[PDB]
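An overview of the molecular structure
Listed here are the chains, written in short residue letters.
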Amino acid sequence: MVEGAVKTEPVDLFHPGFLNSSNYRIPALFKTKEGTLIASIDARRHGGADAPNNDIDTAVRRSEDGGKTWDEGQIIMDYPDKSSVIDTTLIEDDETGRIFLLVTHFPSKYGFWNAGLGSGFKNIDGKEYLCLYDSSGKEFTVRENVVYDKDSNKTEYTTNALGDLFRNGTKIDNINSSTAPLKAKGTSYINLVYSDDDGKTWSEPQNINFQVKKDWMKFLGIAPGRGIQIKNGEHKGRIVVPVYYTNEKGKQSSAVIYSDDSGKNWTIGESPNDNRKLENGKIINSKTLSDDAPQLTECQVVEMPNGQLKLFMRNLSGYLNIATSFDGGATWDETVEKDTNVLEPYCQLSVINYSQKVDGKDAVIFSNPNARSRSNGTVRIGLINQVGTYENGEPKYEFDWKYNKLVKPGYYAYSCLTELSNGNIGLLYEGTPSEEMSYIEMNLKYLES
Ligand SMILES: O=C(CO)N[C@H]1[C@H]([C@H](O)[C@H](O)CO)O[C@@](O)(C(=O)O)C[C@@H]1O
Ligand SMILES: [Ca+2]
Ligand SMILES: [Ca+2]
């Protein structure tokens, strides 16, 4: 290493036995406005396997000294009996100081492959209510935590936000378990929690599926890592959270959900697959997509100097795919770019804006496995250059991957970056499949060397 270069020796920020979890996957890492680092992760309690073959809880650690020391952690979401929360994402509303963590939630027995269609909510007279089902398949609704039957008679059952099921006020089970007399629909749900004390305490989960999941979506999940809050332009203040979904045919398409009211209400935008123009001119849609090749899956979003959004997406082309939005994530330009300078082995990636210019250019930082497998973990600095304009007159931005640094030889899978208070880069990465999750700090002198 050159003199002054910083690449800290890896710290196992999560590992077998921490919080009595045997396994860990899916890192998220975020520096709050106050300067605290929040790291979130799936505590996979029965091996590394994805839902439904596990019981997965959400864990958090905090650092108040720039990542040099970390607290003893806490579990912030835990559903019973193999109902899992998987794939976390972190963002903050800088106006209110509220930190958000969102995650995908499945009842017991459900996961990506067998999620049922739709939101799991039903409209009764203008409001969406979570449905519950008994053993005969009869449908009930939960209205302000009171269970009503199909004839709108109040039953003896109530619920709470965690899904506990109470009979005349006594807990008997939980609507997410394999044994409850009333169960939620077996599908994915987006859950949201928040902290107003810099990550020390967290709310109980809000189920926002009724706002963001459409009737024709089977799986709808958080794309893990981080979100953004838009800094420039007409959508300044919008909180943007990457997601992805499958249609009835099981084919995956990326999107973002977003909030213009500090996280109170959410909307899902279109996918880049909606009215996408494929390489030779075929027009597709995420609702009708029937082929594997154009799928767009996990993704992360960054903001260009004028506010334009770029969605970096896991896909099946072997290379990075990038979509562009002129309207704050509501829709995407018809052309998804393939960047053959950036291998993408079908794995989650991390990309963040960087606050200072590099070589006279606005820059982003990027992390993924630079290979055709989950290996050769590489952190890149991409310099933003405008190369002309679209037909609508908007600027066209391209990335120059000028610096590309191998940080993890051997296994490298999911990862998440953050800029640190000192201008350096923190990185939490899967350097093992599902055991030790490693944290390092790197400076730009190292990354450019
Ligand atoms: O299964 C889900 C969503 O419910 N998420 C997993 C996700 C999905 O299974 C995958 O993105 C679906 O194509 O991928 C991982 O299996 C992986 O590729 O390593 C890990 C991630 O937690
Ligand atoms: Ca649990
Ligand atoms: Ca489009």
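By the method listed in its record, X-ray crystallography, this PDB entry was determined to a resolution of 1.50 Å.

1. Quick look at the coordination of the calcium ion (ligand 2)
The calcium ion (ligand 2) binds to the protein through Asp-55 (OD), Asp-57 (OD), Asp-78 (OD) and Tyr-79 (O), with metal-donor distances spanning 2.3 to 2.4 Å. Donor residues binding the calcium ion (ligand 2) come from one chain and are separated in sequence as D-x1-D-x20-D-Y. One end of the pair, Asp-55, is in the loop between β3 (37-44) and β4 (56-63); the other, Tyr-79, is in the loop between β5 (74-77) and β6 (84-93), with 24 residues separating them in the sequence. The class for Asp-55 is buried, based on a relative accessible area of 12%.

2. Describing the site of ligand 1
As a matter of local geometry, ligand 1 sits amid 16 residues, with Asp-50, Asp-87, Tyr-244, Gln-252 and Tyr-414 nearest to it. In this structure, an oxygen atom belonging to ligand 1 sits 2.8 Å away from a side-chain N or O atom of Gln-252. Here an oxygen atom of ligand 1 sits 2.9 Å away from a polar atom, N or O, in the side chain of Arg-374. Alone, ligand 1 offers 480 Å² of accessible surface; in the complex the protein occludes 89% of this. Secondary-structure elements contributing two or more residues to the shell around ligand 1 are β2 (23-31) and β6. In terms of residue class, the shell around ligand 1 is made up of eight nonpolar, one polar and seven charged.

3. Points about the coordination of the calcium ion (ligand 3)
Taken together, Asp-274 (O) and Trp-332 (O) make up the protein donors of the calcium ion (ligand 3), found 2.6 Å from the metal. Residue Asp-274 is found in the loop between β23 (267-268) and β24 (276-277), and its partner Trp-332 is found in the loop between β28 (319-325) and β29 (337-343); the two are separated by 58 residues along the sequence. Summarising the burial analysis for this pair, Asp-274 and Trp-332 share the class buried.

4. Re the sheet that holds strand β1 (residues 11-14)
If you walk across this open sheet you meet the four strands as β1-β36-β35-β34, and the pairing is antiparallel. With partners counted over all chains shown, the strands left at the sheet margins are β1 and β34 (415-419), one partner each. Across this sheet, the average inter-strand angle for adjacent strands is 30°, counted without regard to direction. Across five bridges, the pairing between β34 and strand β35 (residues 425-430) is antiparallel. Pairing of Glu-419 across the sheet is with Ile-425, part of β35.

5. Here's the deal with unusual backbone geometry
With an omega dihedral of 10°, the bond running from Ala-51 to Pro-52 counts as a cis peptide bond. Relative to the elements of secondary structure, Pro-52 occurs in the loop between β3 and β4. Its identity as a non-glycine residue notwithstanding, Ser-152 has a phi of 65°, on the positive side. You can see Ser-152 is positioned in the loop between β11 (146-148) and β12 (154-159).

6. Regarding the environment of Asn-153
Tracing the sequence through the fold places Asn-153 in the loop between β11 and β12. Put simply, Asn-153 and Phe-140 are 13 residues apart on the chain and 9.6 Å apart in space, counted from C-alpha to C-alpha. Excluding its chain neighbours within four sequence positions, the residues that come into contact with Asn-153 are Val-147 and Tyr-148.

7. Focus: the environment of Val-147
Positionally, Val-147 belongs in strand β11. Looking at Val-147, the relative accessible area reads 0%, which means it is buried. Separated by twelve residues in sequence, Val-147 and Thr-159 place their C-alpha atoms 7.5 Å apart. If near-sequence neighbours (up to four positions away) are discounted, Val-147 is found in contact with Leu-132, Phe-140, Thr-141, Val-142, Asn-153, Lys-154, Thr-155, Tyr-157, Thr-158, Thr-159 and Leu-182.

8. Let's talk about the side chain of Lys-310
Structurally, the position occupied by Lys-310 is in strand β27 (residues 309-315). Within the local environment of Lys-310, its side chain forms a polar contact with the side chain of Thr-324, the two groups lying 2.9 Å apart. Among residues more than four places away in sequence, those in contact with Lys-310 are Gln-300, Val-301, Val-302, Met-304, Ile-322, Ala-323, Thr-324, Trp-332, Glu-337, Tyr-390, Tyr-397 and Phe-399.

9. Section: the side chain of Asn-54
If you trace the backbone, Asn-54 turns up in the loop between β3 and β4. Among the polar contacts listed, one links the side chain of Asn-54 to the backbone oxygen of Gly-47, at a separation of 2.8 Å. Once you skip the residues sitting within four places of it in the chain, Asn-54 turns out to touch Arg-44, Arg-45, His-46, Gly-47, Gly-48, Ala-49, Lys-82 and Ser-84.

Reading the values: rules and limits
- Residues numbered from 1 in each chain as written, not as in the entry; some residues may be left out.
- Chains lettered and ligands numbered in written order.
- Heavy atoms only, no water.
- Residues with missing side-chain atoms left out of burial classes, pairs and counts.
- Donors = N, O, S within 2.8 Å, 3.2 Å for Na, K, Ca; no water.
- Helix = DSSP H or I, 4+ residues; strand = E, 2+ residues; numbered from the N terminus.
- Buried < 20%, exposed > 50% of the residue type's maximum accessible area, 1.4 Å probe, protein only.
- Near = heavy atom within 4 Å.
- Polar contact = N/O pair within 3.5 Å; in protein donor to acceptor, adjacent residues only side chain to side chain.
- Areas by Shrake-Rupley, 256 points an atom, 1.4 Å probe, with all protein chains shown as cover.
- Nonpolar A, V, L, I, M, F, W, Y, C, P; charged D, E, K, R; others polar.
- Pairing = 2+ DSSP bridges.
- Axes fitted to C-alpha atoms, helices over the stretch in contact; angles between N-to-C directions.
- Contact = heavy atoms within 4.5 Å.

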